[PDB]
file upload.cif (mmCIF, C-alpha atoms)
data_query
#
loop_
_atom_site.group_PDB
_atom_site.id
_atom_site.type_symbol
_atom_site.label_atom_id
_atom_site.label_comp_id
_atom_site.auth_asym_id
_atom_site.auth_seq_id
_atom_site.Cartn_x
_atom_site.Cartn_y
_atom_site.Cartn_z
ATOM 1 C CA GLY A 321 14.026 22.323 -20.494
ATOM 2 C CA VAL A 322 16.268 19.403 -19.640
ATOM 3 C CA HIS A 323 17.311 21.175 -16.426
ATOM 4 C CA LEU A 324 15.115 24.291 -16.751
ATOM 5 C CA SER A 325 12.578 23.571 -14.017
ATOM 6 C CA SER A 326 12.059 22.873 -10.300
ATOM 7 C CA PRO A 327 14.876 20.725 -8.849
ATOM 8 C CA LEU A 328 12.799 17.532 -8.866
ATOM 9 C CA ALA A 329 11.684 18.139 -12.454
ATOM 10 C CA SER A 330 15.268 18.894 -13.473
ATOM 11 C CA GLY A 331 16.267 15.556 -11.971
ATOM 12 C CA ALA A 332 13.250 13.928 -13.603
ATOM 13 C CA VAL A 333 15.160 14.551 -16.821
ATOM 14 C CA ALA A 334 18.870 14.217 -16.177
ATOM 15 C CA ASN A 335 18.957 10.406 -16.158
ATOM 16 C CA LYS A 336 15.375 10.074 -17.480
ATOM 17 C CA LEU A 337 13.908 8.815 -14.209
ATOM 18 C CA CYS A 338 10.239 9.797 -14.065
ATOM 19 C CA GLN A 339 7.506 9.598 -16.663
ATOM 20 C CA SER A 340 5.288 11.907 -14.586
ATOM 21 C CA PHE A 341 4.803 12.966 -10.987
ATOM 22 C CA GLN A 342 2.655 15.287 -8.908
ATOM 23 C CA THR A 343 2.251 16.566 -5.364
ATOM 24 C CA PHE A 344 -0.984 16.660 -3.393
ATOM 25 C CA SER A 345 -2.434 17.700 -0.031
ATOM 26 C CA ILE A 346 -5.858 16.099 0.468
ATOM 27 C CA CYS A 347 -7.328 17.867 3.499
ATOM 28 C CA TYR A 348 -10.239 16.556 5.565
ATOM 29 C CA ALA A 349 -12.337 18.064 8.339
ATOM 30 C CA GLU A 350 -9.889 16.849 10.999
ATOM 31 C CA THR A 351 -6.976 15.226 9.115
ATOM 32 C CA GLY A 352 -5.351 15.128 5.692
ATOM 33 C CA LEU A 353 -2.757 13.488 3.468
ATOM 34 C CA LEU A 354 0.430 15.250 2.446
ATOM 35 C CA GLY A 355 2.672 13.493 -0.026
ATOM 36 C CA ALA A 356 3.569 12.939 -3.653
ATOM 37 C CA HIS A 357 2.576 10.651 -6.508
ATOM 38 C CA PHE A 358 4.623 9.426 -9.458
ATOM 39 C CA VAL A 359 4.808 6.823 -12.199
ATOM 40 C CA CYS A 360 7.942 4.739 -12.707
ATOM 41 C CA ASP A 361 9.737 2.528 -15.145
ATOM 42 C CA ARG A 362 10.524 -0.892 -13.710
ATOM 43 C CA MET A 363 14.253 -0.235 -13.243
ATOM 44 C CA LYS A 364 14.052 3.333 -11.886
ATOM 45 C CA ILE A 365 11.790 3.178 -8.810
ATOM 46 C CA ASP A 366 14.650 3.349 -6.309
ATOM 47 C CA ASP A 367 16.198 6.484 -7.826
ATOM 48 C CA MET A 368 12.941 8.456 -7.838
ATOM 49 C CA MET A 369 12.287 7.647 -4.185
ATOM 50 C CA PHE A 370 15.826 8.724 -3.286
ATOM 51 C CA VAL A 371 15.503 12.042 -5.126
ATOM 52 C CA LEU A 372 12.004 12.756 -3.799
ATOM 53 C CA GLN A 373 12.995 12.191 -0.172
ATOM 54 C CA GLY A 374 16.114 14.301 -0.660
ATOM 55 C CA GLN A 375 14.010 17.264 -1.760
ATOM 56 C CA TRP A 376 11.706 16.915 1.254
ATOM 57 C CA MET A 377 14.742 16.806 3.536
ATOM 58 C CA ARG A 378 16.236 19.757 1.657
ATOM 59 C CA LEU A 379 13.016 21.688 2.326
ATOM 60 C CA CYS A 380 13.025 20.791 6.033
ATOM 61 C CA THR A 381 16.263 22.811 6.077
ATOM 62 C CA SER A 382 18.263 24.859 3.575
ATOM 63 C CA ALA A 383 15.239 26.856 2.411
ATOM 64 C CA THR A 384 16.335 29.817 0.304
ATOM 65 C CA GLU A 385 14.118 32.889 0.226
ATOM 66 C CA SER A 386 14.129 33.091 -3.576
ATOM 67 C CA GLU A 387 12.684 29.586 -3.925
ATOM 68 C CA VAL A 388 9.915 30.450 -1.453
ATOM 69 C CA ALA A 389 9.147 33.609 -3.429
ATOM 70 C CA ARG A 390 8.658 31.559 -6.595
ATOM 71 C CA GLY A 391 6.316 29.219 -4.733
ATOM 72 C CA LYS A 392 4.204 32.110 -3.466
ATOM 73 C CA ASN A 393 3.792 33.565 -6.960
ATOM 74 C CA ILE A 394 2.759 30.159 -8.309
ATOM 75 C CA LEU A 395 0.209 29.792 -5.511
ATOM 76 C CA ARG A 396 -1.251 33.254 -6.148
ATOM 77 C CA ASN A 397 -1.579 32.634 -9.886
ATOM 78 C CA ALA A 398 -3.048 29.158 -9.408
ATOM 79 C CA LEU A 399 -5.476 30.322 -6.723
ATOM 80 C CA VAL A 400 -6.838 33.215 -8.788
ATOM 81 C CA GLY B 2 18.621 -11.900 -12.829
ATOM 82 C CA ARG B 3 20.822 -10.327 -10.152
ATOM 83 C CA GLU B 4 19.010 -6.971 -9.795
ATOM 84 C CA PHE B 5 15.803 -6.392 -7.851
ATOM 85 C CA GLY B 6 14.352 -4.725 -10.939
ATOM 86 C CA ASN B 7 14.237 -8.045 -12.826
ATOM 87 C CA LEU B 8 14.299 -11.300 -10.839
ATOM 88 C CA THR B 9 11.004 -13.123 -11.483
ATOM 89 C CA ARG B 10 7.542 -12.569 -12.982
ATOM 90 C CA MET B 11 4.705 -12.653 -10.429
ATOM 91 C CA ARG B 12 1.077 -11.605 -10.679
ATOM 92 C CA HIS B 13 -2.113 -11.363 -8.612
ATOM 93 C CA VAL B 14 -0.444 -11.104 -5.187
ATOM 94 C CA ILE B 15 -1.024 -8.546 -2.423
ATOM 95 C CA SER B 16 0.903 -7.808 0.766
ATOM 96 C CA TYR B 17 0.116 -5.895 3.962
ATOM 97 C CA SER B 18 2.599 -4.599 6.532
ATOM 98 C CA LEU B 19 2.764 -2.161 9.442
ATOM 99 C CA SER B 20 5.444 0.281 10.512
ATOM 100 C CA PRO B 21 7.949 -0.801 13.188
ATOM 101 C CA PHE B 22 6.773 2.068 15.408
ATOM 102 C CA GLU B 23 3.093 1.030 15.225
ATOM 103 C CA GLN B 24 3.505 -2.476 16.694
ATOM 104 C CA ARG B 25 5.052 -4.278 19.650
ATOM 105 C CA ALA B 26 8.503 -5.849 19.444
ATOM 106 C CA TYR B 27 7.354 -8.789 21.622
ATOM 107 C CA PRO B 28 3.733 -9.504 20.678
ATOM 108 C CA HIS B 29 2.191 -12.608 22.238
ATOM 109 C CA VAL B 30 5.554 -13.815 23.525
ATOM 110 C CA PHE B 31 3.836 -15.522 26.481
ATOM 111 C CA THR B 32 0.714 -17.124 24.991
ATOM 112 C CA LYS B 33 1.700 -17.757 21.354
ATOM 113 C CA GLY B 34 5.514 -17.791 21.317
ATOM 114 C CA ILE B 35 6.387 -20.507 23.825
ATOM 115 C CA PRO B 36 3.887 -23.066 22.413
ATOM 116 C CA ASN B 37 5.349 -22.604 18.928
ATOM 117 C CA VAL B 38 8.838 -23.343 20.262
ATOM 118 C CA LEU B 39 7.480 -26.439 22.004
ATOM 119 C CA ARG B 40 5.968 -27.545 18.693
ATOM 120 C CA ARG B 41 9.357 -27.081 17.022
ATOM 121 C CA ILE B 42 11.200 -29.106 19.672
ATOM 122 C CA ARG B 43 8.660 -31.934 19.784
ATOM 123 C CA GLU B 44 8.427 -32.226 15.993
ATOM 124 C CA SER B 45 12.162 -33.043 15.725
ATOM 125 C CA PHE B 46 12.931 -34.768 19.031
ATOM 126 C CA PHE B 47 12.979 -38.421 17.941
ATOM 127 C CA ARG B 48 14.913 -37.606 14.749
ATOM 128 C CA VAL B 49 18.046 -36.452 16.618
ATOM 129 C CA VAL B 50 18.121 -37.233 20.351
ATOM 130 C CA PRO B 51 18.115 -41.062 20.348
ATOM 131 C CA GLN B 52 21.276 -41.376 18.251
ATOM 132 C CA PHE B 53 23.250 -39.147 20.617
ATOM 133 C CA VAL B 54 21.929 -41.271 23.489
ATOM 134 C CA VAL B 55 23.585 -44.278 21.849
ATOM 135 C CA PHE B 56 26.798 -42.247 21.734
ATOM 136 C CA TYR B 57 26.541 -41.644 25.483
ATOM 137 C CA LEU B 58 25.993 -45.353 26.127
ATOM 138 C CA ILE B 59 29.010 -46.228 23.978
ATOM 139 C CA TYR B 60 31.037 -43.617 25.857
ATOM 140 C CA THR B 61 30.116 -44.849 29.339
ATOM 141 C CA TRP B 62 30.633 -48.548 28.592
ATOM 142 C CA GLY B 63 34.006 -47.797 27.004
ATOM 143 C CA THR B 64 35.358 -45.942 30.026
ATOM 144 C CA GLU B 65 33.964 -48.683 32.269
ATOM 145 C CA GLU B 66 35.599 -51.438 30.220
ATOM 146 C CA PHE B 67 38.892 -49.535 30.071
ATOM 147 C CA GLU B 68 39.115 -49.236 33.859
ATOM 148 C CA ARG B 69 37.808 -52.784 34.305
ATOM 149 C CA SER B 70 40.845 -53.978 32.339
ATOM 150 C CA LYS B 71 43.412 -52.392 34.674
ATOM 151 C CA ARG B 72 42.042 -54.283 37.690
ATOM 152 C CA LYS B 73 44.391 -57.005 38.891
ATOM 153 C CA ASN B 74 43.608 -60.574 37.867
ATOM 154 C CA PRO B 75 42.909 -62.958 40.778
ATOM 155 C CA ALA B 76 43.160 -65.841 38.287
ATOM 156 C CA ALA B 77 46.784 -64.939 37.474
ATOM 157 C CA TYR B 78 47.819 -65.192 41.146
ATOM 158 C CA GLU B 79 45.817 -68.157 42.479
ATOM 159 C CA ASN B 80 48.410 -70.565 41.050
ATOM 160 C CA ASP B 81 51.455 -68.247 41.122
ATOM 161 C CA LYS B 82 51.877 -69.358 44.765
#
call {"tool": "encode", "arguments": {"input": "upload.cif", "output": "structure tokens"}}
result
Amino acid sequence: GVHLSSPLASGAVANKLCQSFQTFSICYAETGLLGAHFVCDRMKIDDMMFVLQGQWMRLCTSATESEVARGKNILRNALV
Amino acid sequence: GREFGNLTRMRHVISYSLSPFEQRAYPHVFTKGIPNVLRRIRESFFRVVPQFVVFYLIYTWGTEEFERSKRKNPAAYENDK
């Protein structure tokens, strides 16, 4: 849906910012790499960075229980 | 032409930078900074300084000549008698 998705994906199509994006956590024996990865049109890089950082900040606080519950179900399904 | 999105068309260039928190704010400010300033000063010393020296010479002479004029004239009183 246009706005029927995770908040970042809903923003990905409200002004047609992203063409695709993904999140990753590449763990190593002693370290790792959290972060995100996305493709951009030439004139939309700034907006995607702004939205992405906003979501990370919004997760560092203002974390509703319902959103966490959805994440846990996704993790269970994906893991199995 | 006025937006960062579209200003020029470049290709085949790479850049490397470090975070502000990962480096010193005054790196080699004793062994590499001072000599660079000395290079800057020396490279443009003769292009500026000498002209302003002429100004100083013109300024000193002027003042000297001005005061020299107010001195009384012994040649205007020798015959006055």
call {"tool": "atom_distance", "arguments": {"input": "upload.cif", "atom1": "CA of residue 340 in chain A", "atom2": "CA of residue 369 in chain A"}}
result
13.2 Å
call {"tool": "interface_residues", "arguments": {"input": "upload.cif", "of": "chain A", "to": "chain B", "cutoff": "10 Å", "atoms": "all atoms listed in the file", "output": "PyMOL selection string"}}
result
chain A and resi 361-366
call {"tool": "resolve_selection", "arguments": {"input": "upload.cif", "expression": "the PyMOL selection byres ((chain A and resi 328-330) around 12)", "output": "JSON, numbers by chain"}}
result
{"A": [321, 322, 323, 324, 325, 326, 327, 331, 332, 333, 334, 335, 336, 337, 338, 339, 340, 341, 342, 343, 356, 358, 367, 368, 369, 370, 371, 372, 373, 374, 375, 376, 378, 379]}
call {"tool": "write_last_selection", "arguments": {"input": "upload.cif", "atoms": "C-alpha atoms", "output": "short mmCIF file (atom, residue, chain, number, x, y, z; two decimals), keeping the file's coordinate frame"}}
result
data_model
loop_
_atom_site.label_atom_id
_atom_site.label_comp_id
_atom_site.auth_asym_id
_atom_site.auth_seq_id
_atom_site.Cartn_x
_atom_site.Cartn_y
_atom_site.Cartn_z
CA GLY A 321 14.03 22.32 -20.49
CA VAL A 322 16.27 19.40 -19.64
CA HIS A 323 17.31 21.18 -16.43
CA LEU A 324 15.12 24.29 -16.75
CA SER A 325 12.58 23.57 -14.02
CA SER A 326 12.06 22.87 -10.30
CA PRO A 327 14.88 20.72 -8.85
CA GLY A 331 16.27 15.56 -11.97
CA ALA A 332 13.25 13.93 -13.60
CA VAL A 333 15.16 14.55 -16.82
CA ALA A 334 18.87 14.22 -16.18
CA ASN A 335 18.96 10.41 -16.16
CA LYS A 336 15.38 10.07 -17.48
CA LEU A 337 13.91 8.82 -14.21
CA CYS A 338 10.24 9.80 -14.06
CA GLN A 339 7.51 9.60 -16.66
CA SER A 340 5.29 11.91 -14.59
CA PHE A 341 4.80 12.97 -10.99
CA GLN A 342 2.66 15.29 -8.91
CA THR A 343 2.25 16.57 -5.36
CA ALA A 356 3.57 12.94 -3.65
CA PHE A 358 4.62 9.43 -9.46
CA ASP A 367 16.20 6.48 -7.83
CA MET A 368 12.94 8.46 -7.84
CA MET A 369 12.29 7.65 -4.18
CA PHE A 370 15.83 8.72 -3.29
CA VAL A 371 15.50 12.04 -5.13
CA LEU A 372 12.00 12.76 -3.80
CA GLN A 373 13.00 12.19 -0.17
CA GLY A 374 16.11 14.30 -0.66
CA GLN A 375 14.01 17.26 -1.76
CA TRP A 376 11.71 16.92 1.25
CA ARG A 378 16.24 19.76 1.66
CA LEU A 379 13.02 21.69 2.33
#
call {"tool": "atom_distance", "arguments": {"input": "upload.cif", "atom1": "CA of residue 30 in chain B", "atom2": "CA of residue 15 in chain B"}}
result
27.3 Å
call {"tool": "atom_distance", "arguments": {"input": "upload.cif", "atom1": "CA of residue 395 in chain A", "atom2": "CA of residue 347 in chain A"}}
result
16.7 Å
call {"tool": "decode", "arguments": {"input": "upload.cif", "residues": "range 55-75 of chain B", "atoms": "N, CA and C atoms", "output": "CSV table (one decimal), in the first residue's frame"}}
result
chain,number,residue,atom,x,y,z
B,55,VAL,N,57.9,53.1,0.5
B,55,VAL,CA,58.0,54.4,-0.2
B,55,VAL,C,57.0,55.4,0.4
B,56,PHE,N,55.8,54.9,0.8
B,56,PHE,CA,54.8,55.7,1.5
B,56,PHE,C,55.4,56.3,2.7
B,57,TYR,N,56.1,55.4,3.5
B,57,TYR,CA,56.7,55.9,4.8
B,57,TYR,C,57.7,57.0,4.5
B,58,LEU,N,58.6,56.8,3.5
B,58,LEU,CA,59.6,57.8,3.2
B,58,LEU,C,59.0,59.1,2.7
B,59,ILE,N,57.9,59.0,1.9
B,59,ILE,CA,57.2,60.2,1.5
B,59,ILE,C,56.6,60.9,2.7
B,60,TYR,N,56.1,60.1,3.7
B,60,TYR,CA,55.5,60.7,4.9
B,60,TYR,C,56.5,61.4,5.8
B,61,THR,N,57.7,60.8,6.0
B,61,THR,CA,58.7,61.4,6.9
B,61,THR,C,59.2,62.6,6.2
B,62,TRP,N,59.7,62.6,5.0
B,62,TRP,CA,60.2,63.8,4.3
B,62,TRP,C,59.2,64.9,4.4
B,63,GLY,N,58.0,64.7,4.0
B,63,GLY,CA,56.9,65.7,4.1
B,63,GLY,C,56.9,66.4,5.4
B,64,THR,N,56.7,65.7,6.5
B,64,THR,CA,56.7,66.3,7.8
B,64,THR,C,57.9,67.1,8.1
B,65,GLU,N,59.1,66.5,7.7
B,65,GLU,CA,60.4,67.2,7.9
B,65,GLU,C,60.4,68.5,7.1
B,66,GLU,N,60.0,68.5,5.8
B,66,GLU,CA,60.0,69.7,5.0
B,66,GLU,C,59.0,70.7,5.6
B,67,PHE,N,57.8,70.3,6.0
B,67,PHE,CA,56.8,71.2,6.6
B,67,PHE,C,57.4,72.0,7.8
B,68,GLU,N,58.0,71.2,8.7
B,68,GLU,CA,58.6,71.9,9.9
B,68,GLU,C,59.8,72.8,9.4
B,69,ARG,N,60.6,72.3,8.5
B,69,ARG,CA,61.7,73.0,8.0
B,69,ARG,C,61.3,74.4,7.5
B,70,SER,N,60.1,74.5,7.0
B,70,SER,CA,59.6,75.7,6.4
B,70,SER,C,59.3,76.8,7.4
B,71,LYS,N,58.8,76.4,8.6
B,71,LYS,CA,58.5,77.3,9.7
B,71,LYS,C,59.7,77.9,10.4
B,72,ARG,N,60.9,77.3,10.2
B,72,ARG,CA,62.1,77.9,10.8
B,72,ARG,C,62.3,79.3,10.3
B,73,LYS,N,62.8,80.2,11.1
B,73,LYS,CA,63.0,81.6,10.7
B,73,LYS,C,64.1,81.6,9.7
B,74,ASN,N,64.1,82.7,8.9
B,74,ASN,CA,65.1,82.8,7.8
B,74,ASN,C,66.2,83.8,8.2
B,75,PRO,N,67.4,83.3,8.4
B,75,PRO,CA,68.5,84.2,8.7
B,75,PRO,C,68.9,85.1,7.6
